[PDB]
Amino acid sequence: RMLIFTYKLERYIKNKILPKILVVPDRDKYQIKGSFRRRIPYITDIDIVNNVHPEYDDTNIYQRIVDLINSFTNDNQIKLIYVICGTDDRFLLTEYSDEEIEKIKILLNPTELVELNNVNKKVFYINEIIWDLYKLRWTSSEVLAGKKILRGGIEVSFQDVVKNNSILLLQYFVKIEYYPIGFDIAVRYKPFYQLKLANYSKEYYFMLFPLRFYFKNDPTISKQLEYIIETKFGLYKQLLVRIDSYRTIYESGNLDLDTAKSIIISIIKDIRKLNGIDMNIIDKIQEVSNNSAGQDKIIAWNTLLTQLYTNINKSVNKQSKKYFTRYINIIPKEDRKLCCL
């Protein structure tokens, strides 16, 4: 039932999906990156680099994206949510006490902003707010229209953006089996922070990731860490990503009831395989599915998935603390300070 890696699935992806969503389908012109390249058992998403020059360049890449978009209009399995290309430099801060001020005029909610101006490495929640504003995320209709309106009413055109950039990102969601899966395609048409243990509070599961990088060239330890992260706790991570998929699709304004329901159904089934979960959250989700309807249901679910998200994090971090302490103690105290760069 669950979406697990198999070669039947990989072949289906490479044969039936990729030729449809890639700018250049030729196998020699694309590379699979990230977790899918490692063929992790609990598939989360697919990351791909598409090197399309000289086949495609500044002068014809737009029309090829238009072709892709149009080919999907009547395809219920594939949706191109965002085309990411360009930046809005007005949100290019210099992180100076005076920089910030000059941007508030174009923000709506700077309470959240001032509610975390408190206090040098917390630029993380600053960029966490303005990232979507700095990086231009084009919708399909904005791409087809060929123009985009920015905050404050500033006008921008897609052709200008491609001419001033070397790469664009296609953000797809694809219904592979029972629910949507993210496909991120980095399209190159012209010729990191989460690795520091210092930037973590006590998210012990995610703090294993810097450790895995540290021990990447140690066979015995890298196998153990890979097993722990990807198999023992693999489903915890997959469920977090799957909840992010709901959120992302919903926030973009493209989640219909049928898709929301398929996601919620898959989560209810799989959540029972986990340990330490407040199953009351699950019961609350079922009661929504019973006494709400249409959009109100989608919204109520979104709200409840947020609690569930928190709960899953809490649980996996708790069950992970010992594996962290174990492997961190393998590193010398002098070096364990600034793991791992």
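Start at 1 with the first residue shown and count on from there.
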property	result
Chain break class for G153 to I154, judged by how many deposited residues have no coordinates	none
Missing residues, deposited sequence, between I101 and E102 (class: none, 1 to 3, 4 to 9, 10 or more)	none
Given 327 to 335 and 12 to 20, the range whose Cα B-factors average higher in the PDB entry	327 to 335
121 to 129 set against 153 to 161, stretch whose average Cα temperature factor tops the other in the entry	121 to 129
Among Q77, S262, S201, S252 - the residue whose C-alpha B-factor is largest in the record	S201
Of the residues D244, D88, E230, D256, the one carrying the largest Cα B-factor as recorded	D88
Relative C-alpha B-factor of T73, binned into the chain's lowest, middle or highest third	middle
Record-listed C-alpha B factor of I299: chain third	lowest
Third of the chain's Cα B-factor distribution that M279 belongs to, per the entry	highest
Entry-reported Cα temperature factor of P191, expressed as the chain third it lands in	highest
Third of the chain, ranked by Cα B-factor, where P210 sits	middle
